[PDB]
Amino acid sequence: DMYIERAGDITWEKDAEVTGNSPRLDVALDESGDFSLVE
Amino acid sequence: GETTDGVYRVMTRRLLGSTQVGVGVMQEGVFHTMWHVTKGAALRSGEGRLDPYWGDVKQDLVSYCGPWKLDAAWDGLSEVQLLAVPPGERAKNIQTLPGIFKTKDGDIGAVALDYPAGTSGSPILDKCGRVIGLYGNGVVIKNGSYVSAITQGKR
Ligand SMILES: Nc1nnc(-c2cccs2)[nH]1
């Protein structure tokens, strides 16, 4: 069986660490909910 | 069980010790997570039970105790925050400018951040703290890096 445990409030943090890029990708979504790259 | 709004870890004792299989959002009395985290199974919250109410494998989403309540959307321009809840580690906010997944059926925001699989279900928020989707369903791109869709339901 699965159980849940609280981990925190949902709030925006002022001055949080800023990272990650912003790629623009062509993708396909199948019936199983899997994303794949289209080339 | 605990009904307080917030972010929650989804745990199991089926495997070795106590394992974090994912994360979810409690909002307006409804628990929201990704389908691949629970596979639609019932959940325990203290001595209480949370039963599935709605779910869809293709969207990779599930809600418990009521219908999907999260309806905020990324504005297509601004930075957002992943409120990452990794296994055995404190909740941490990461700010990022989303990229885009372009599909035959329209565009969706995407975040290029890599966390353990048990981080799936962590909420992505806008500047007002509204949940614009959940992290954890995405793809491995050319250079081997992970990019998650910003997955949002329909209210
Ligand atoms: N190949 C790979 N790298 N990161 C991942 C995931 C992160 C959150 C859910 S799956 N999967």
Side-chain angles (χ1 to χ4, degrees), chain A residues 2-5 7-8 10 16-39, chain B residues 6-12 14-16 18-26 31-41 43 55-64 68 70 74 79-101 103 108-125 131-153:
Chain A
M2 287 181 177
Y3 65 97
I4 64 177
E5 304 187 323
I10 297 175
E17 193 216 345
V18 186
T19 199
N21 70 308
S22 324
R24 291 185 199 258
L25 301 164
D26 289 346
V27 306
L29 174 62
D30 68 15
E31 196 166 276
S32 295
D34 302 320
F35 283 108
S36 62
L37 300 180
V38 171
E39 312 277 343
Chain B
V7 65
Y8 286 66
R9 300 177 193 274
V10 177
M11 310 294 295
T12 183
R14 147 187 85 253
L15 308 153
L16 192 69
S18 308
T19 310
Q20 181 179 314
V21 297
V23 179
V25 178
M26 185 79 72
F31 192 65
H32 307 75
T33 189
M34 306 203 84
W35 193 91
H36 79 263
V37 168
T38 67
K39 309 300 195 297
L43 304 174
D56 188 275
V57 159
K58 189 175 170 175
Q59 294 185 50
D60 192 28
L61 291 176
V62 59
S63 67
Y64 287 82
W68 187 270
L70 316 176
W74 179 45
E79 286 190 346
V80 306
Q81 283 188 1
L82 169 64
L83 179 51
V85 183
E89 307 177 347
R90 206 138 47 229
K92 182 195 42 163
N93 300 65
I94 310 293
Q95 190 161 321
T96 194
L97 179 78
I100 306 296
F101 273 5
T103 82
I108 308 157
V111 296
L113 299 173
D114 204 1
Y115 278 96
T119 314
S120 288
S122 291
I124 298 162
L125 328 180
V131 175
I132 52 165
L134 308 182
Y135 169 84
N137 192 27
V139 76
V140 171
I141 73 174
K142 254 154 51 78
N143 77 292
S145 195
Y146 184 69
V147 182
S148 174
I150 297 184
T151 301
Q152 184 56 293

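Every chain is numbered from 1, with letters handed out A, B, ... down the list of sequences. Indexing begins at 1, ligand by ligand and atom by atom, following the structure's order. When reading the values below, keep in mind they use all heavy atoms of this one structure, side chains included, and skip hydrogens, waters and symmetry mates.
The closest approach between any non-hydrogen atom of B/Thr119 and ligand 1 is not below 4.0 Å.
The CG atom of B/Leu82 sits 8.0 Å away from the OG atom of B/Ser148 when rounded to the nearest 0.5 Å. To the nearest 0.5 Å, atoms CG (B/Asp56) and CH2 (B/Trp35) are separated by 10.5 Å. Separating the OG1 atom in B/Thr12 from the OH atom in A/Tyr3 is a distance of 8.0 Å, to the nearest 0.5 Å.
Contacts between B/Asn137 and ligand 1 below 4.0 angstrom, taking non-hydrogen atoms only, are absent altogether.
The backbone N or O of B/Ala112 sits nowhere less than 3.5 Å from a side-chain atom of A/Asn21 that would complete a donor-acceptor pair. The backbone N or O of B/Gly118 sits less than 3.5 Å from a side-chain atom of B/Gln20, completing a donor-acceptor pair.
Of the protein's non-hydrogen atoms, the one nearest atom 9 (C) of ligand 1 is B/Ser120 OG, 3.2 Å. Looking only at heavy atoms of the protein, atom 11 (N) of ligand 1 is closest to B/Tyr146 CD1, 3.7 Å. The closest protein non-hydrogen atom to atom 4 (N) of ligand 1 is B/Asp114 OD1, 2.3 Å. Of the protein's non-hydrogen atoms, the one nearest atom 1 (N) of ligand 1 is B/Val140 CG2, 3.6 Å. For atom 7 (C) of ligand 1, the closest heavy atom belonging to the protein is B/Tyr115 O, 2.9 Å.
No side-chain heavy atom of B/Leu43 sits under 4.5 Å from any side-chain heavy atom of B/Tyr8.
Close contacts of ligand 1 with B/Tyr135, meaning ligand atoms under 4.0 Å from a residue heavy atom, involve 7 (C), 8 (C).
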